[PDB]
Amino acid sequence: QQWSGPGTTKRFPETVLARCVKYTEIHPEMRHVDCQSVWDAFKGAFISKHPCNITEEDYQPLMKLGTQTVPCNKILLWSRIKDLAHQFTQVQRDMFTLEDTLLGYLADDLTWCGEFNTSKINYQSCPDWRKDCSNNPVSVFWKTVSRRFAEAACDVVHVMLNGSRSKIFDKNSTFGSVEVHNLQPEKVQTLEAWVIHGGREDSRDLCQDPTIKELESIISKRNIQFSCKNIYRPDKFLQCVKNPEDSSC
């Protein structure tokens, strides 16, 4: 079997184990986690499997080991603006993206797959999401972990979006495909979108973009309030978050 997509990230086994040990050292609330158990549960999800035949059930053992409650009122979701979202939680250190949780941290920027009836990780090729399989070891992992993360969110949930995208809100992102449809009005009062002016100077109100009106319509039918804010100056936004009641701001 040869796929269209790049193979498993080189040194995947080392990276997953080292990330697990580092995260559980930095976060003493997760010190109970056995990182050997985490590796065996992760590997066990997909090794010896046809990589388009991975289910959410295949990840249940890893999900159970990685069980974690972050403050439900301090969640940042993002779509197509990951690096700025991560920089935000690096400066506003009480807030969490999915990749600030143990399971999100383990898998961030990695690709992985195996092959039917072999014991080995495939470093040669993995199914491409677009060309081979929408349901692959990576997409199934992110669907299962991100649903659980979105489900747990409460009060005011923030989502960071990229105002320089053709579609500022799109339904193929993890956010647009799974997270937005798992915010529960039992827990969530408001979704507040931050539309980042991340490219050329652009003075326009991008909260009037048709895709933002689509997002507003989706979360209105979930009985959740919608708020939208332009971030015209993202670098100044990060600075002002670190040091508020200072400078220009």
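Residues carry their position along the shown sequence, with the first being 1.
Taking the PDB entry as given, 158 to 166 carries the higher mean Cα B factor of the two stretches 105 to 113 and 158 to 166. For the segment pair 133 to 141 and 117 to 125, the entry gives 117 to 125 the higher mean B-factor, averaged over Cα atoms. Within the listed group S220, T69, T190, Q36, the record reports its top CA B-factor for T69. When the Cα B-factors of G44, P185, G198, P51 are read from the PDB record, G198 comes out highest. Per the PDB record, residue ranking by Cα B-factor puts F12 in the lowest third of the chain. When the CA B factors of the chain's modelled residues are split into thirds, the value for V180 lands in the lowest one. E99 sits in the lowest third of its chain by CA B factor, as recorded in the PDB entry. In the PDB entry, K22 places in the middle third of its chain by CA B-factor. Looking at the C-alpha B-factors along this chain, the one for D58 belongs to the lowest third.
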